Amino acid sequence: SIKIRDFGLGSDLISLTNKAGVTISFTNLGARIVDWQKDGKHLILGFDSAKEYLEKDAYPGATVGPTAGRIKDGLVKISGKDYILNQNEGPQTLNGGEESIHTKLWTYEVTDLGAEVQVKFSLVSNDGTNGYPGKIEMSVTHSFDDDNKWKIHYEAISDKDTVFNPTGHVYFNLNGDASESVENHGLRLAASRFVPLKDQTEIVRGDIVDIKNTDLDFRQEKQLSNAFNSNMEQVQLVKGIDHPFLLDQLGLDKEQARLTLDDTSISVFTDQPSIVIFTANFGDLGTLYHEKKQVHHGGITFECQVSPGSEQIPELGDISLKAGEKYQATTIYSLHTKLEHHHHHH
């Protein structure tokens, strides 16, 4: 079933319930996921109104772009030309600059296919917005089906050669309480290499490093605490994880990642080449989620996209988008029960 109501400030909340009784909800404020519950338990982090997002933290569950991550000194080269984008994190352009797409009300239309329901959100980034050539007509379709798959499909077309590499900023927390660290979750990730950050400014270092057999190796499932407890320079630098992981095998067909807690798992599929993982390394900030003070490590993202730093490490890919060419990306989060045996204690 589909339900809709005002969510505040003019945004709406679209709630869907599939045949298995699983519920998922979105808001057109930032074409974002607000909640996902199973048997009354939240699987992700989210707020109860639109104003909370705007006042506490506007990234959670959002669609972010046009370019996800940091761009050193806001400088991109588009078709032989240098373009400087909005710099909102020091000289860096983080998640498309200030007051980006995640802060706007997108128009939307809902399509009921029965076993699947689609919520297609649209927005136009005008030419020159935040320094990006355009205009860019974008659309994010979020869908949920009877098989517990939440899918994100991105599409875009630009009038001019530009850059495009958006992502979904959901944070999971299988504990269903922000005040509980995810160190107790099991993580499996099909990636043998990662991208180190230069320093606290978080721009990329310049090299690609192999992590096999290190505390960042999750090819074979392990508790997140292993990473959190690590004293590897990169973990210390960021106080947890906040890096891109390069997938070893590409393709929407492979389970790239799996996050488990007891009897629940979330599997990650995508057609993108990397997964940027950030573990809510907020220290004692304690942002309130549903009246619970969030803890350091109280959440984890799986932002599938082309890795950040390709400006410096060409090997990571190319995010340019040619005028008239159609951008498309697909990411999927599927929910499962009793997929494996995960019985631990922390």
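The first residue of the sequence shown is number 1, and the count goes up from there.
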Comparing 284-292 with 65-73, which stretch shows the greater average C-alpha B-factor in the deposited entry?
284-292
Given 195-203 and 125-133, the range whose Cα B-factors average higher in the PDB entry
195-203
Sorting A257, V170, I101, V276 by Cα temperature factor from the record, which one lands on top?
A257
If you check the C-alpha B-factor for each of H185, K120, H243, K239 in the entry, which is highest?
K120
Of the three thirds of its chain by CA temperature factor, lowest, middle or highest, which one includes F218?
lowest
CA B-factor ranking of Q312, expressed as a third of its chain:
highest
What third of its chain, lowest, middle or highest, does the C-alpha temperature factor of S79 fall into?
highest
Comparing against every modelled residue in the chain, figure out the third that the C-alpha B-factor of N175 lands in (lowest, middle or highest).
lowest
Is the Cα B-factor recorded for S267 in the lowest, middle or highest third of its chain?
middle
